[PDB]
Amino acid sequence: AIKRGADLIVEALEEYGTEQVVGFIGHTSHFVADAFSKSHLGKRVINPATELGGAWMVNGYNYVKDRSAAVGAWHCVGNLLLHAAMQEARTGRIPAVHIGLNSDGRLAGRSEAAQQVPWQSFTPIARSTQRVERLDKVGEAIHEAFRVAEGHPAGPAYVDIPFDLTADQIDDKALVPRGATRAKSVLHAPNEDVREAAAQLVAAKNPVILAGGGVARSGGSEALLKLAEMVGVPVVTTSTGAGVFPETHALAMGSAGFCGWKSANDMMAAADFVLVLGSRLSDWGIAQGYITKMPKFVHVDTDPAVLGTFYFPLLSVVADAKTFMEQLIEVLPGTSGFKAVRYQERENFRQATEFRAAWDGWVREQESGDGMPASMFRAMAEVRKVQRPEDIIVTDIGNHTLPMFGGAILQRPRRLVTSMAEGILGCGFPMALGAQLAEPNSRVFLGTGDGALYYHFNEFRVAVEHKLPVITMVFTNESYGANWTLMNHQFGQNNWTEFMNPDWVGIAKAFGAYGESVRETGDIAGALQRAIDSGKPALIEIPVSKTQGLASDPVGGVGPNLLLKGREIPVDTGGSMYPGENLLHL
Amino acid sequence: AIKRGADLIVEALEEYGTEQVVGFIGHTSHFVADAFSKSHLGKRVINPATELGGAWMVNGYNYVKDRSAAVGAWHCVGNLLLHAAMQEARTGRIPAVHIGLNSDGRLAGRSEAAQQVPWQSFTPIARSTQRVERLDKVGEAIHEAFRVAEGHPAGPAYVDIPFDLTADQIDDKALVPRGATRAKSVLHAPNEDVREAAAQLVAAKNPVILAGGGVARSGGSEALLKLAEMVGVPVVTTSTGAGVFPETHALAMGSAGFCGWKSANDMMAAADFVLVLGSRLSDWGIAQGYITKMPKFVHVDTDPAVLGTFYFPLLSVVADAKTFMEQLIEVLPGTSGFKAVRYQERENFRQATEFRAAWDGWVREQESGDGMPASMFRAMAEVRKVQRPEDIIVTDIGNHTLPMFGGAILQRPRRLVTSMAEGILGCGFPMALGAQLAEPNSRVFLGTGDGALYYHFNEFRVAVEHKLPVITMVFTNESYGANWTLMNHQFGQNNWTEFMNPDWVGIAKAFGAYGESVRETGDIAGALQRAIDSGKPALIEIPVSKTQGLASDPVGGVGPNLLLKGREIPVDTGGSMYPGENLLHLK
Amino acid sequence: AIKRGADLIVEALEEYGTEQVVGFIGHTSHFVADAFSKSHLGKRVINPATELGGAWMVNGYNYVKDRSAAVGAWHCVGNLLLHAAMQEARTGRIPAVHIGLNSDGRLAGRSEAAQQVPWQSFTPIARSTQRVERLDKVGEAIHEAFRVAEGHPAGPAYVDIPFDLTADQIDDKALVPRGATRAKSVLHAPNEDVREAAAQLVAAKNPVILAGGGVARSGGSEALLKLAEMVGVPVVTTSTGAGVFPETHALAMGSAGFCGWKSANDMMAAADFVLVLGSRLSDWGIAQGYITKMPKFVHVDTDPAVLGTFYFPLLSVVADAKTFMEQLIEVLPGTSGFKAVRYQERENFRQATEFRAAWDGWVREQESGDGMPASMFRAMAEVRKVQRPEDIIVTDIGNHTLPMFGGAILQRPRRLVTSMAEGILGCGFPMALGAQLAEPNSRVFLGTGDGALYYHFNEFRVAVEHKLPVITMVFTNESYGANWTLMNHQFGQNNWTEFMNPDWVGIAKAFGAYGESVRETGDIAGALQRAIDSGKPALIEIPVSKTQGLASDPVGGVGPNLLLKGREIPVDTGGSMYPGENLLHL
Ligand SMILES: Cc1cc2nc3c(=O)[nH]c(=O)nc-3n(C[C@H](O)[C@H](O)[C@H](O)COP(=O)(O)OP(=O)(O)OC[C@H]3O[C@@H](n4cnc5c(N)ncnc54)[C@H](O)[C@@H]3O)c2cc1C
Ligand SMILES: Cc1cc2nc3c(=O)[nH]c(=O)nc-3n(C[C@H](O)[C@H](O)[C@H](O)COP(=O)(O)OP(=O)(O)OC[C@H]3O[C@@H](n4cnc5c(N)ncnc54)[C@H](O)[C@@H]3O)c2cc1C
Ligand SMILES: Cc1cc2nc3c(=O)[nH]c(=O)nc-3n(C[C@H](O)[C@H](O)[C@H](O)COP(=O)(O)OP(=O)(O)OC[C@H]3O[C@@H](n4cnc5c(N)ncnc54)[C@H](O)[C@@H]3O)c2cc1C
Ligand SMILES: Cc1ncc(C[n+]2csc(CCOP(=O)(O)OP(=O)(O)O)c2C)c(N)n1
Ligand SMILES: Cc1ncc(C[n+]2csc(CCOP(=O)(O)OP(=O)(O)O)c2C)c(N)n1
Ligand SMILES: Cc1ncc(C[n+]2csc(CCOP(=O)(O)OP(=O)(O)O)c2C)c(N)n1
Ligand SMILES: [Cl-]
Ligand SMILES: [Cl-]
Ligand SMILES: [Cl-]
Ligand SMILES: [Mg+2]
Ligand SMILES: [Mg+2]
Ligand SMILES: [Mg+2]
Ligand SMILES: [Mg+2]
């Protein structure tokens with residue numbers, strides 16, 4: 001059948017499992033938008049305030065789905081706004097396909113052309129960058145983008161299509177590849193690696209299992225609970241792994257790292273052996289700026305590139321996390337030294353429970369005060385009174401990230417959302433909208449700084465139009481508080497940190513959202529209940545300190561080193577001059 | 001003397017003429033911010049709501065100054081938001097230096113590193129992209145950045161500095177290059193070319209001078225006025241040249257192009273000869289999608305790369321526009337055929353004045369009407385009543401661009417501001433703020449669509465804190481109106497075009513800005529007076545139709561061709577298969 | 001200890017298993033060459049005639065080793081000659097680390113600098129491109145290069161080091177990473193994939209096992225012989241898999257593809273099911289220009305990116321080849337329908353043996369003629385009379401490639417060498433020298449065209465100095481014979497194809513190599529024996545036809561389509577003009 005390129009693009013996106021489009025109109029996306037209007041997927045299009053806001057919504061949707069279920073589709077020059085969000089998808093292992101419609105290919109390469117988008121600016125960012133030259137390659141390119149996006153590692157794929165190809169027509173026989181099959185990701189380890197790992201776990205005096213985001217992608221929660229109880233081993237997570245192990249269990253230490261739980265950092269400092277499952281041991285994760293001292297460890301991952309890149313394991317294993325744990329459960333009864341004892345009667349139990357109790361007491365101290373400015377831990381304690389086990393906690397980047405991580409106590413995977421890998425400010429609100437779109441049975445609570453909310457609160461248009469009842473707490477300190485704090489630690493003086501806020505309640509009201517300020521009432525619990533009862537997206541303005549959280553609160557961190565001290569650098573004495581130095585020798 | 005890298009960056013920036021810093025804090029920019037607080041640049045730093053809004057401020061400031069007087073200074077990952085504004089600077093010839101402070105160079109190349117910014121993403125965009133490896137190269141790199149940014153062509157330069165270098169210390173002797181004097185840009189044409197141009201000008205029956213943005217950069221307004229009156233030749237501009245020739249003058253046809261003045265398009269369709277000065281004859285400018293048919297022309301530019309790239313001139317000349325005009329004024333009295341008479345007495349005068357009068361009549365007609373929605377031409381007629389020669393008009397991108405260009409009548413250079421080269425939606429508000437910062441005692445009027453204002457109205461934080469009294473008209477139609485209109489033509493139905501607006505008056509009030517709606521009153525005139533009296537940034541809501549402007553209004557355009565008709569493309573029958581086609585051959 | 005950067009580079013290369021250096025002097029490599037002179041590896045440095053010749057020697061050495069045992073080390077501007085060889089390492093999955101010493105970092109970025117090498121020219125080619133900015137990163141960068149080079153997929157890694165860092169000195173504590181461990185590559189499939197594959201193999205009427213170069217990298221020869229005999233299934237290979245199955249066995253069909261064995265192409269056209277082990281199903285391999293019609297197939301690979309990129313399998317499996325075959329052997333006795341029958345009594349045996357016999361008869365016809373010009377199959381039959389099972393057959397690219405592939409009958413893996421993935425002319429001689437260096441118990445026979453030998457016969461300097469007794473047959477036709485042939489098929493006329501040859505015997509004698517021409521004697525067997533007895537590198541000049549081989553001989557190929565027919569292309573009628581068209585409208 002003769003088909004337009006725009007209709008072939010839509011067909012391909014449906015074939016590969018696209019649920020949700022985030023698209024922006026312009027003459028280069030006109031044919032694609034027309035084609036979407038005639039398709040099932042046309043019913044699910046978000047038109048965001050900006051393309052960067054929309055790209056963040058793709059990230060939040062796909063982070064919780066672990067596939068490229070949301071897809072961006074962008075008129076030419078709007079693609080120039082994608083880079084920040086695309087970079088987070090790359091290091092954060094978020095599958096994300098983006099289709100950029102460039103200007104007419106007839107006008108490419110002309111020096112005085114308008115809106116000829118430099119697609120090679122994505123080459124250092126996307127896991128796959130393709131410029132499509134020919135209509136008969138449009139299906140093939142989209143198939144490749146999905147294959148790359150949803151691989152191991154997951155990430156972003158960008159497809160640049162000059163829009164004349166979307167108007168042009170071709171007979172469609174076999175053009176969109178169909179019948180594609182994926183290999184299973186249930187990679188099994190060899191027996192001798194399993195037996196080694198089991199022997200180490202049993203022999204250790206103070207073992208720990210470290211579960212990262214790969215345990216969530218693997219689906220390994222059940223196996224992890226069984227394995228931890230069978231061996232009697234405390235569980236530490238990364239921030240993307242939090243919730244794969246129920247955080248109210250006796251063995252749950254929470255997340256390690258610099259915005260994590262001190263019980264987890266205590267346990268990592270005490271441990272003599274770690275089994276690492278589905279973690280990349282990253283800079284702002286377990287590595288803490290490449291300062292953390294890892295105990296002897298076994299490292300299990302589906303991506304060999306993460307294994308031994310920086311931390312050298314006792315043993316590196318290419319295997320699926322759930323599968324490896326199931327293999328361990330099978331081998332453990334025939335492992336020398338193994339005895340079936342209830343985890344509460346193991347010799348290591350009391351130490352772990354003491355670390356957790358100390359942390360819980362510290363959290364109770366942070367949360368229990370009343371009045372203004374509010375503690376962000378109090379705010380989170382109020383959220384946990386109204387929180388369901390499928391609900392999603394979202395945060396932005398700043399001082400506030402620490403209380404959001406520390407006050408989230410989670411029972412399910414992929415419930416904690418932010419720009420985890422890159423720490424890009426402003427992510428929180430639009431990522432929360434994308435997560436809400438993906439998870440309509442989840443209540444979504446966002447704790448955002450004021451500096452952060454400034455970036456993409458324009459997306460209240462989307463929240464209101466699409467009836468997305470995200471509950472946003474804006475923590476107001478009229479500051480980039482992390483930076484106020486750190487600059488005063490570093491220099492004794494802040495600069496570039498302070499700003500005004502609008503009347504946020506007035507902003508919410510102007511968009512037809514629910515708005516309330518607790519500046520005078522302190523009534524966080526009441527405001528949460530009113531916001532939930534509204535059925536609308538909500539904005540609760542909560543005054544906070546400039547200093548509480550990431551840049552101040554002691555959670556057992558060692559890094560990262562970002563207040564670095566300068567070194568004195570030898571000049572070059574080889575004889576060559578600086579530019580303009582010739583004038584000094586006259 | 002031992003200096004930190006941060007201090008050396010500030011010293012270099014000062015040496016090369018920086019007046020205004022737009023900066024964003026984060027740990028990688030901490031040392032730089034601390035160093036700026038010790039400088040006379042520290043006082044005035046703008047900390048924008050987002051880095052892309054700030055980069056648009058840099059572009060508005062520098063577009064009106066014609067030098068990189070504003071600089072950006074950005075914490076690592078905030079650099080990832082620069083690319084759209086940087087691309088406008090590249091094709092739009094805006095000088096702009098951006099200093100990106102990357103994460104620690106010790107951590108670079110590690111696969112699981114955080115915030116290691118891919119500076120090579122700028123390589124296809126900036127005129128110059130540099131990654132600094134060594135502290136002793138920090139001065140040198142910044143010197144090079146200004147050299148490129150302020151050359152011919154002007155454009156953006158990006159410098160990536162791992163921030164450990166900003167903390168490190170070194171002895172400063174000769175490290176910051178000082179004391180350069182740049183080459184003059186008053187490039188003179190060969191006398192033979194000047195003579196040839198004068199001979200064509202005099203011989204033509206219906207000549208036109210086409211003056212682009214290079215006449216503004218050249219400072220050629222006085223020479224152009226003398227030349228045009230001496231020969232008695234109508235003046236057409238580009239959108240970046242508008243205002244180089246006073247648009248109240250009887251010879252002024254306005255700007256040619258598809259959002260231009262029909263008088264200018266009529267003139268260019270009538271002309272038998274054009275002298276093109278300081279124009280790149282661009283796609284969304286004079287070329288209108290490479291459809292415009294140029295008469296025989298002489299082309300004068302400082303950048304050889306624009307001369308003969310697409311339109312082949314009769315004669316191409318590498319020269320400065322003001323200089324070339326001065327040369328031609330000197331030779332004209334000795335040119336065979338030249339007659340010294342008042343321009344009003346020339347045979348070609350009446351036709352030009354007729355084009356202008358017809359256009360002015362049409363504009364008057366668009367200003368008329370008595371209710372709601374309002375005409376955007378009416379809105380511009382009201383702005384003209386309160387507009388001085390030094391005042392700046394800013395637009396965003398959409399249907400509203402055509403009435404803003406058609407209602408702006410300018411008499412000085414560099415008074416009309418937008419994302420000219422790239423058409424990037426959202427530019428208007430933050431570029432207006434940057435123009436206001438560059439010219440604190442000029443009044444700045446912005447006409448913006450509602451889809452446009454959505455992008456960077458967060459920068460009301462900057463406008464209110466810095467008391468930048470931009471007067472913004474937001475034209476409300478609850479739509480991407482250009483697209484609503486074009487898609488209804490193309491397909492019979494719009495899609496992806498309609499959206500909710502907030503209460504814009506309420507948004508302004510929540511920031512402490514002046515706000516008013518004319519929806520019930522029609523009182524644009526009073527709203528402009530109240531907005532001006534407020535001394536605050538102001539927002540005037542004006543409801544408009546979905547259709548008025550770029551997608552509907554006839555201005556004599558021929559292009560561009562964006563409502564494409566597709567072609568039917570043949571399938572490859574050479575034998576090779578599609579992916580997956582193997583399954584279709586199984587029996 | 002305080003150490004120079006040059007000494008740290010040497011230390012790192014030794015730590016990661018480097019055996020052989022190929023290096024080129026210049027002031028930027030002076031410190032590195034001095035450092036090598038003080039080390040164990042210093043004893044194994046080849047200084048090639050050119051850097052491209054040397055890069056090809058790295059490729060040949062590492063192709064047969066399946067690790068980056070050879071390493072290039074190059075003065076600045078000589079790195080500009082590496083790209084061709086580097087591209088073959090990338091698509092050909094050859095591990096190869098190259099260390100480029102750039103000019104002084106103090107002079108980088110200056111517009112009028114000399115010898116500042118654009119290392120970003122490698123970014124689209126190498127699997128890893130790194131520019132080292134800091135002395136304390138030199139060890140770390142080399143460790144990363146090896147990790148990437150020796151991964152799955154294998155490939156080239158380029159490290160650019162400004163040479164001032166190689167003169168500079170630093171305390172060495174922990175700078176060169178030591179104690180690195182690799183994960184095993186014995187990835188196991190899940191049982192249900194094993195059982196599926198076994199059920200298909202047993203149920204098929206006319207199965208085939210297709211073994212590619214991954215069976216060689218895996219070490220799977222023993223398991224493949226067992227599995228093929230147990231199930232009674234003919235074996236087809238790719239050109240990089242040839243020799244993993246003994247090519248004299250009754251079940252051996254040889255290599256499929258356009259320069260392969262017709263028995264293999266016949267068997268692929270007859271088969272109802274294929275088990276593909278360690279093949280990427282590539283363009284100039286099994287795909288034959290994306291024309292080959294694959295039967296229903298199971299696809300087993302360690303690199304998920306190859307699985308389902310173009311040919312969509314019944315089932316895709318991420319697993320090691322040897323391991324998967326061992327899993328199949330274990331499952332087969334409990335697979336429904338399986339009976340233990342001698343392979344000679346299976347119903348499919350006679351068909352396979354008939355295909356092989358037809359091919360063998362055709363080869364005997366090609367080889368059996370005497371006189372001049374010689375048949376290249378006769379030449380290969382003479383080599384097989386003097387060939388040991390560890391000996392290596394090398395070819396260049398041209399008409400001659402077909403008789404070299406067709407006359408090679410191999411018993412061991414990694415014995416057939418050329419620029420397999422990219423077909424880059426001139427590879428053969430320097431790749432043969434690298435293979436000889438790696439495999440000193442192998443006699444190396446190169447069959448090269450004349451056009452090919454022209455590129456790197458300057459490397460006779462290396463062959464003679466290092467006493468590398470490669471036996472080179474130069475097939476002389478005074479032509480780019482493939483192109484003479486194909487152009488006459490395509491157009492009825494050749495152009496740019498014909499050239500003179502030097503007196504090749506005189507060239508060999510001038511270098512102190514053994515030289516002989518059979519132009520008048522026909523005495524190929526005698527010349528081989530004299531060349532072997534010399535103990536020297538040898539050059540035997542053998543006149544051949546312009547047309548025999550790749551461009552003419554029918555081996556059951558279907559592709560690739562490189563004599564493509566042009567299509568008539570619609571002009572653009574949108575209204576926009578061409579450059580300069582304005583003058584036509586005046
Ligand atoms: C301000 C800020 C503070 C932060 N504080 C912390 C903190 O305190 N603690 C913390 O942990 N992080 C923190 N982060 C997040 C951190 O930067 C990283 O994003 C995070 O630690 C990475 O988690 P991960 O190692 O589990 O790997 P992910 O990025 O989640 O990657 C998943 C890993 O699992 C592997 N994998 C995927 N599927 C499978 C499978 N089926 N089987 C096996 N392996 C699989 C992948 O190959 C990869 O190695 C912070 C971020 C910011 C911005
Ligand atoms: C929606 C929309 C509508 C638009 N409609 C129009 C329209 O109707 N008409 C229009 O003109 N544009 C229009 N534009 C703008 C258009 O895209 C271009 O930005 C503009 O036309 C370019 O102007 P220019 O040719 O003068 O060159 P500029 O981009 O201003 O560049 C300056 C030129 O002068 C040269 N130069 C610089 N200094 C000197 C010197 N000293 N001497 C000599 N030469 C010098 C430079 O090398 C260059 O060639 C529109 C843009 C948009 C987004
Ligand atoms: C002139 C010319 C003619 C040619 N003619 C032919 C021809 O007739 N026939 C032919 O086959 N080729 C031919 N080639 C070569 C062809 O271009 C390819 O180089 C070759 O076919 C690729 O072989 P392969 O598919 O086995 O993959 P390779 O390139 O050998 O790659 C190895 C594959 O095995 C996988 N792998 C690696 N280790 C393992 C493991 N442990 N377990 C499982 N999988 C593993 C890899 O991921 C990869 O997919 C020709 C080349 C030229 C230049
Ligand atoms: C795009 C971008 N710009 C700047 C930063 C640097 N940064 C990291 S945290 C932070 C403070 C954010 O302020 P806010 O949201 O108010 O949170 P608070 O620290 O006050 O809790 C900043 C500016 C960044 N990570 N990303
Ligand atoms: C970043 C970006 N996204 C999309 C476009 C496409 N576009 C061009 S004009 C326009 C309409 C803008 O709407 P608005 O500001 O309301 O103006 P109106 O057409 O209603 O006057 C759009 C979406 C663009 N140029 N840039
Ligand atoms: C570097 C490079 N240049 C050109 C070619 C194109 N090419 C492929 S085969 C061939 C013929 C080689 O001639 P020769 O070595 O004499 O072999 P013959 O065809 O005569 O057997 C040529 C030129 C190539 N593959 N690589
Ligand atoms: Cl547009
Ligand atoms: Cl940050
Ligand atoms: Cl040299
Ligand atoms: Mg804050
Ligand atoms: Mg100069
Ligand atoms: Mg609008
Ligand atoms: Mg030849």
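Atoms within a ligand are numbered from 1 in the order they appear, just like the ligands themselves. Below, chains carry the letters A, B, ... as their sequence lines are ordered, and counting in each starts from 1. Keep in mind that the numbers below use all heavy atoms, side chains included, and drop hydrogens, waters and symmetry copies.
Inclusion of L425(C) in the set of residues having an N or O under 3.5 Å from an N or O of ligand 6 is warranted. Between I424(C) and ligand 6, not a single N/O pair is under 3.5 Å apart. No N or O atom of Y480(C) sits closer than 3.5 Å to an N or O atom of ligand 6.
Between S479(B) and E498(B), the side chains place a donor N or O and an acceptor N or O closer than 3.5 Å (distance only, hydrogens not considered). A side-chain N or O of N501(C) and one of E478(C) form a donor-acceptor pair less than 3.5 Å apart. Between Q548(C) and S375(C), the side chains place a donor N or O and an acceptor N or O closer than 3.5 Å (distance only, hydrogens not considered). For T91(B) and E422(B), the side-chain atoms include at least one donor-acceptor pair closer than 3.5 Å. Checking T448(B) against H400(B) by side-chain atom types alone, no donor-acceptor pair falls below 3.5 Å.
Shown in contact with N477(C) at under 4.0 Å from a heavy atom are these atoms of ligand 6, numbered in order with element: 20 (O). Counting atoms of ligand 6 from 1 in the listed order, those under 4.0 Å from a heavy atom of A452(C) are 14 (P), 15 (O). Applying the 4.0 Å criterion to heavy atoms of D450(C) picks out, from ligand 6, the atoms 15 (O), 16 (O). Annotation for ligand 6: atoms under 4.0 Å from non-hydrogen atoms of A482(C) are 19 (O). Shown in contact with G398(C) at under 4.0 Å from a heavy atom are these atoms of ligand 6, numbered in order with element: 9 (S), 17 (O), 19 (O), 21 (O). The distance from ligand 6 to the heavy atoms of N399(C) drops below 4.0 Å at these ligand atoms: 18 (P), 19 (O), 21 (O). Within ligand 6, the atoms closer than 4.0 Å to a non-hydrogen atom of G481(C) are 18 (P), 19 (O), 20 (O), numbered from 1 in the order shown.
The main-chain N or O of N494(C) is never found under 3.5 Å from a side-chain atom of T497(C) such that the two would form a donor-acceptor pair.
Looking from atom 12 (C) of ligand 6 to the surrounding protein, the closest heavy atom is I397(C) O, 3.4 Å. Closest to atom 3 (N) of ligand 6 among all protein heavy atoms lies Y455(C) OH, 3.4 Å. At the top of the distance list for atom 6 (C) of ligand 6, counting protein heavy atoms only, stands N483(C) OD1, 4.7 Å. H400(C) ND1, 3.2 Å is the protein heavy atom nearest to atom 17 (O) of ligand 6. Nearest non-hydrogen protein atom to atom 14 (P) of ligand 6 is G451(C) N, 3.6 Å.
No part of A551(C) comes within 4.0 Å of ligand 6, judged by heavy-atom distances. Neither the backbone nor the side chain of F475(C) has a heavy atom within less than 4.0 Å of ligand 6. No part of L550(C) comes within 4.0 Å of ligand 6, judged by heavy-atom distances.
Closest of all the heavy-atom pairs between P162(C) and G105(C) is CB-N, 3.7 Å. Closest of all the heavy-atom pairs between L402(C) and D553(C) is CD1-O, 3.9 Å. Taking each heavy atom of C76(A) and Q115(A) in turn, the nearest pair found is SG-NE2, 3.4 Å.
Residues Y480(B) and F24(A) bring their aromatic ring centres within 6.0 Å. Taking the six-membered ring wherever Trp is involved, the centroid distance between the rings of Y454(C) and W504(C) falls below 6.0 Å.
Between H27(C) and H75(C), the angle of the ring planes goes over 60°, which puts this pair in the perpendicular group of the 30/60° scheme.
Judged by the shortest distance from any of its heavy atoms, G423(C) lies inside the 4.0 Å radius around the atoms of ligand 6.
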